[PDB]
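J.: Task: produce atomic coordinates for the following.
(4 chains, ligands or ions: 20)
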Amino acid sequence: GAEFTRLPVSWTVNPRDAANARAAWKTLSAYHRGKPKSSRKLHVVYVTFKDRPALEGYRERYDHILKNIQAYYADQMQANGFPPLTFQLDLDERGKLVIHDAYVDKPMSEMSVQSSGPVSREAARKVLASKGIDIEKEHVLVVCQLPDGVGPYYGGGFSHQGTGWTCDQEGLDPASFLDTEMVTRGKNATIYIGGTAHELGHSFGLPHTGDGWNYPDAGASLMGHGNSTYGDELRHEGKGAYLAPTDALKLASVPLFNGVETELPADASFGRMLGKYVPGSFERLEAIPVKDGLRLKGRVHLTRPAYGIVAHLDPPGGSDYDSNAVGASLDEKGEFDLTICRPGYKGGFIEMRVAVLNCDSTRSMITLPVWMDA
Amino acid sequence: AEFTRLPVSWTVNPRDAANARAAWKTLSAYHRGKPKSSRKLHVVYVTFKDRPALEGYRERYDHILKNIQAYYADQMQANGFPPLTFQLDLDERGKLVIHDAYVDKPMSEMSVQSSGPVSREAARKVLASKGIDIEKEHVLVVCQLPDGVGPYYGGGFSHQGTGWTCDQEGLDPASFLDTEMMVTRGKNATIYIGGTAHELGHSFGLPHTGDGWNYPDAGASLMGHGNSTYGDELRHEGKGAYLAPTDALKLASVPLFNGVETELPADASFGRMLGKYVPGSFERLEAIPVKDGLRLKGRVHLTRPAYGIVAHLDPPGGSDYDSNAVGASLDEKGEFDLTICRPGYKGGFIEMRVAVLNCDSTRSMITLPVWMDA
Amino acid sequence: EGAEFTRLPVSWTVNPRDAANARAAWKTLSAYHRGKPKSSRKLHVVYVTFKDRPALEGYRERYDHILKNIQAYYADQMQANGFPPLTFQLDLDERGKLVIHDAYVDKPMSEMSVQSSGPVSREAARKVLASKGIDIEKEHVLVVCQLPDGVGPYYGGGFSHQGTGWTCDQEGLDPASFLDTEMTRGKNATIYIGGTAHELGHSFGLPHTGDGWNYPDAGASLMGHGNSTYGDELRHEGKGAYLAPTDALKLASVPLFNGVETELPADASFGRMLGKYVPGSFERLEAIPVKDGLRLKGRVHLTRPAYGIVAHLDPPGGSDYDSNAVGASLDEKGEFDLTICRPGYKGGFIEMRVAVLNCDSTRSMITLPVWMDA
Amino acid sequence: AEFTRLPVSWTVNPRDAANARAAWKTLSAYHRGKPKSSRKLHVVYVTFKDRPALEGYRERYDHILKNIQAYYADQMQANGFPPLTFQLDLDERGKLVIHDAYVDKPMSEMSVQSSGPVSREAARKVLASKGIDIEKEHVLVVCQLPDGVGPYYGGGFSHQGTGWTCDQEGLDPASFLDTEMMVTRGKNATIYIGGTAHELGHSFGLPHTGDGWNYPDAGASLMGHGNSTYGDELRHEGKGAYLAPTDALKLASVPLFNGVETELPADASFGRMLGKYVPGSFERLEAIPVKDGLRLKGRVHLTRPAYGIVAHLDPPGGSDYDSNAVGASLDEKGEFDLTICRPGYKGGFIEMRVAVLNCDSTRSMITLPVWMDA
Ligand SMILES: [Ca+2]
Ligand SMILES: [Ca+2]
Ligand SMILES: [Ca+2]
Ligand SMILES: [Ca+2]
Ligand code: NA
Ligand code: NA
Ligand code: NA
Ligand code: NA
Ligand code: NA
Ligand code: NA
Ligand code: NA
Ligand code: NA
Ligand code: NA
Ligand code: NA
Ligand code: NA
Ligand code: NA
Ligand SMILES: [Zn+2]
Ligand SMILES: [Zn+2]
Ligand SMILES: [Zn+2]
Ligand SMILES: [Zn+2]
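T.: Numbering: from 1, shown residues only, chains lettered A, B, ... in the order given. Ligands and ions are numbered 1, 2, ... in the order given. Dropping the coordinates below:
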């Protein structure tokens, strides 16, 4: 992996999470029996503008960037107990990343942070459509040749479609992760390449999941603030970013990751959190208090095959960045049993989200208002 | 007997009477030292340009209002509370005071959509002339309008509400005994006076509560379809309308009923169901399945003094008319334990609403999606 | 022709402005369809029997008549509106007769309810259709149930690219009965076959559109209360059911109707009304009062190709059954100009919905609160 | 001068002053015959187990509260209104009355999530000791807590509100002049006292209103980011903070400011923006595009007396901090005419909020999606 500065795995999964991943993968693998295989890829578009020509080495640099994130997701999913699942890239005969070029005949003065997303997305749609790729049904990364004050840094999508936006900078490459010269030059690469890994997670349907007591020496959760520590373990003794078991549970049912072209149900709907959702119900639901935590057990009514369940604790304020999450697998009857803790929590009230993970890639969510103390 | 006082045609289950006594003890402790209320249910009679008042309306609605007043008093007592009910504004002869309001529009200039707002505005002006603010009181607005033009509606909460009805020739609770045909004349009075008693319940903040397995021989729940059986026990062979124990629990914290002028909290807000609501939370919540039922137990976190909790089971479709409810009291720590059943239910999915009753007249509600079978 | 399935006549004449709108909308849609794949979609039919509920006699021939009657109706009504005779295609065998998939549910009627018959029959339809390679989650389907009233489902729900309609069979139900004045009854056949045509409109994404001043002698709008007058002509002074021009405009972008397999955008989302929606905006928007009406003109900002616009006037109460609608086409710049009236309206307040019709089958909707008088 | 009174460092545009004069004439007629208000903004100082009161807090917060009081008065007057501001509870010496409350919890048992509710509960009990109901008054809760634990928040509406802030050693408006470092001491005092003035605006029901093209040399709008420039004149660092004309219009109907005890209507409800709202409707509404702007004119249907109207332009993202607003008065028929601009805007889509200001202190709001260019 050294050619694209492959990141190491700087954490060890808890045995309960590894057992959850193996059971979820067994349930998903049975569901995948007999279904068509997926040929989906994460496509990359580079968008230039009238006074904004392409930056040097962008084809080689983004071959390194995408392959670094690709290997990262692969290595992190494996560290969680899944196979090394990750998105595939469109590669040329030499194994280098295919990059679609798009140009927008507008000067930067006619652009804004509000319009750079839609304008670059339309440009990406046109060039991708010319090669038979529908941006409305695929996962795409849109790279903009724009500066921070105008260009977009955003990610949004779900299991069957998503778009991520980023901006290129001169010499941006994962090889800079080791450079401690000059705010440092590794931290700069950490911010933007880690941000892209984070925004791509959103395009796969992942919300925010912050750090939790069960992983104090694992680095920062990628979907929390791990976008600021991605690859920082290669300099100055840092802890890096790890993919939370709950996020690995969610990605396991994404066709782009599991290589199986499952079909979405007609009632799959957007919700307040990222992803697509369907109605669910409980035959049994129990929230039992413990010291600085909660034991959540019950029985999901299986209207459809489902493989797992994810509980989030979310203090009021600060969006979902300060949340922590715990995963669990569902047996053949839909029963689950997990404990989620917040040691030393003094906020009293806290929001609990409960998300059932369906094999058809949708989710079912309920929200419960909980009081927690010692 | 002068206003044809209705009998009490049902017996409360012992557990519900014990809940009412425990709830009344909690409310009485909360009421210690608070100012007493002088609130009344005010009555306005609205005429229109070509629509003069019907004969005997002052005597007839003196009978109607005292009949509904005595019913609520008798039903609250049958539930285990004191005979709580709304007070009336009476003149020196002990007769109901009725404010006359006039709308300078012919009946042809009216509609079912505008009759409500227009008559309410006319009621505001006449009530303001006597120093009574319609925006902070409970009022019954009687319109001299025929069916299909006039309003029959009720809406409000614990500290304000308005009920709308239309007068008809000879409408009097004495007609409950009349078996002559006009639908007989007793059934007609049952429909209209029962509708007023039902819609007045809405003005107090009550949603719909249909009939339940725990009361098969009590008549029809007033807030279900008991508006069509109110007072029908006085003829033929009918079971009348009874005030559901869960509705009695909610009304006990209404100042108009308990005679105590408590203050509403600043965050009291309207919701999907009638009434005003504030946030709540649970320290423990358990929904345990039983045959054709569910046991709901847990511990409410008491951010404020609270006296009871009401669970509703509501099959999809048909609004909340087909719901059934079970009440329970809260101890000093917020603990509750109830069981709610739906015998023979084959619908599978059923909605469960859980409403904590706060002493400050607000409620805290959650909704859970539940699967139920045998 | 069409006498074999008792083809209905066209008992109304479109207003010239609406036919001109339809032609402009079809020109815009036709340009958008250039180069897009052709559609092979069909309206599939499933017949579900139960343990003590065997199939009724002649159901294969009767529903060949029923489905072909509704098919010819939509074709004739779309043509009467100024479009080509657009309609759904059916799956026919070598003899040209309707294909009906047989499904059996091994459950007695005592194991059914009005809440579960819908979902249970859908699951049975899913299993049998999958056996023939038909995914119920990506097609329009009619599920015919061998269940009686009060237990069986009568429902329609869906959008442009998927939908399901539910109905129940009754002995001898056939469109030939439209002429029968005995008692079977003609009104009986009108109600059930008209309900199916109406509910199929829901499955295509249509909400309710009641009758309007601009069509007083056209019969009852199918999506209003026309389900109760469908085919009531050919029986004495009946005026039938007509397809509102606004409903014809909406169906013209449905692949099942226009035969073009357009792709839905990723952000297509469900809303408060039936159909799928995307964000939109206006460059200019003017609501000018007229006597008992409103002039609505402006300029839609074209984020995507759009062909038409539909305005709804909806008095409060009574759901959207009492609404009236007016259509208008969009020029190449997004300009529109329409007038919508409600003569003699006395409600004062009225809700106005404005829905831009996109060529990709989605819509964009805003709601405005309007006061209207003479 | 004793409390370092701020100057007026901006001049209102003539059209806005005429709007204020017209709005105040309309409000004054509505106030005729209504009872006078004796409301005051009460101040509570909350200490904790290991957090004793800081030195001189009574004199320092007498200076802080009178400074904000004089600020609102001078700014309301500079806007064209009378010098409206909140009244304070003063002792015999004319010094601010500060209620002392104690929380029996060490700082280690506190958090940013609980500091608000816990200190609010402590303030409720002590204010109740003097007959002041926190649920029906405006209160400022000053906490003896450090940053990261203590609360800085404001929330409320016209008839009730609560502001939260934290005390710091030596915090006094006299520090506005100090240019020594701590990052200077005037900037520190500006942030904390400006935050309090800003959060108190939220407690009065004001959302965010950022800066606009019509006031480029007036400083920063208080309800935008003016909390960070409050008092910047007194040390020649910048132009300070000014009260936007749209905010002055909203505050003019607040009893705490106008001294008239008007009654809130029963249907006053919270919404997505701060304040309480009632339904409204338009007889005419026109949004006419101009170069880099929009002309908004029409006729509000007056269901109740209304005095003004406020338009917000809000680009997507960044919350409402980057919005700009324009005010306009309503004549006796509800007619209004304003123009709101965003020069050089390149984002295309922009959100427009339209808020009718009712004399009973509530508002009526609609939201329109607008496309804007040159
Ligand atoms: Ca949070
Ligand atoms: Ca129901
Ligand atoms: Ca309606
Ligand atoms: Ca914004
Ligand atoms: Na390691
Ligand atoms: Na640059
Ligand atoms: Na570093
Ligand atoms: Na970034
Ligand atoms: Na009459
Ligand atoms: Na009877
Ligand atoms: Na059991
Ligand atoms: Na019949
Ligand atoms: Na007939
Ligand atoms: Na959706
Ligand atoms: Na919508
Ligand atoms: Na601050
Ligand atoms: Zn993020
Ligand atoms: Zn009702
Ligand atoms: Zn319908
Ligand atoms: Zn703020």
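J.: Quick one: the strands in the stretch 101-250 of chain A, in order.
T.: Counting by DSSP state E, counting those that start in this stretch, the segments of the stretch 101-250 of chain A that form strands are A:139-144, A:154-158, A:161-167, A:220-221, A:241-242.
J.: what do you get for the stretch 251-374 of chain A?
T.: A:269-270, A:276-277, A:282-290, A:293-300, A:306-314, A:324-329, A:335-341, A:349-358, A:363-371.
J.: okay, the strands of the stretch 101-250 of chain A in JSON lines with distance to ligand 7 and mean neighbour count next?
T.: For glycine as for every other residue, the C-beta is placed from the backbone atoms N, C-alpha and C. Listed next are the strands of the stretch 101-250 of chain A as JSON lines, based on distance: least, C-beta to the ion, whole Å; neighbours: other C-beta atoms under 10 Å in any protein chain shown:
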{"stretch": "strand A:139-144", "distance to ligand 7": "24", "mean neighbour count": "27"}
{"stretch": "strand A:154-158", "distance to ligand 7": "24", "mean neighbour count": "22"}
{"stretch": "strand A:161-167", "distance to ligand 7": "21", "mean neighbour count": "25"}
{"stretch": "strand A:220-221", "distance to ligand 7": "13", "mean neighbour count": "25"}
{"stretch": "strand A:241-242", "distance to ligand 7": "13", "mean neighbour count": "30"}
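J.: For residue B:314, which of those is the nearest?
T.: strand A:154-158 (30.4 Å; C-beta to C-beta).
J.: Ligand 1 contacts on chain A?
T.: Contact residues, chain A versus ligand 1 (C-beta under 5 Å from the ion): A:314, A:315, A:318, A:322.
J.: circling back to that earlier point, now the strands of the stretch 251-374 of chain A as JSON lines including distance to residue D:244 and mean neighbour count?
T.: Formatted as JSON lines, these follow (distance: least, C-beta to C-beta, whole Å; neighbours: other C-beta atoms under 10 Å in any protein chain shown):
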{"stretch": "strand A:269-270", "distance to residue D:244": "35", "mean neighbour count": "14"}
{"stretch": "strand A:276-277", "distance to residue D:244": "40", "mean neighbour count": "21"}
{"stretch": "strand A:282-290", "distance to residue D:244": "46", "mean neighbour count": "19"}
{"stretch": "strand A:293-300", "distance to residue D:244": "45", "mean neighbour count": "20"}
{"stretch": "strand A:306-314", "distance to residue D:244": "34", "mean neighbour count": "25"}
{"stretch": "strand A:324-329", "distance to residue D:244": "40", "mean neighbour count": "26"}
{"stretch": "strand A:335-341", "distance to residue D:244": "45", "mean neighbour count": "19"}
{"stretch": "strand A:349-358", "distance to residue D:244": "34", "mean neighbour count": "22"}
{"stretch": "strand A:363-371", "distance to residue D:244": "36", "mean neighbour count": "20"}
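J.: Which of the strands of the stretch 101-250 of chain A sits closest to residue D:353?
T.: Closest of the strands of the stretch 101-250 of chain A to residue D:353 is strand A:154-158, at 23.8 Å (criterion: C-beta to C-beta).
J.: How about that closest one and ligand 8, touching?
T.: No - residues of strand A:154-158 contacting ligand 8 under C-beta under 5 Å from the ion: none, with a closest distance of 9.6 Å.
J.: Output that strand as CSV, nothing but the C-alphas.
T.: Taking Å, rounded to 0.1, in the frame of the first residue of the first chain, the C-alpha atoms of strand A:154-158 are listed here in CSV:
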residue,chain,number,x,y,z
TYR,A,154,-20.1,18.5,1.7
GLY,A,155,-21.4,15.0,1.7
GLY,A,156,-24.9,13.6,1.4
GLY,A,157,-26.6,10.4,0.3
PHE,A,158,-27.9,7.0,1.3
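J.: Residue in the stretch 151-300 of chain A with the shortest distance to ligand 4?
T.: Residue of the stretch 151-300 of chain A nearest ligand 4, by C-beta to the ion: residue A:154 (14.7 Å).
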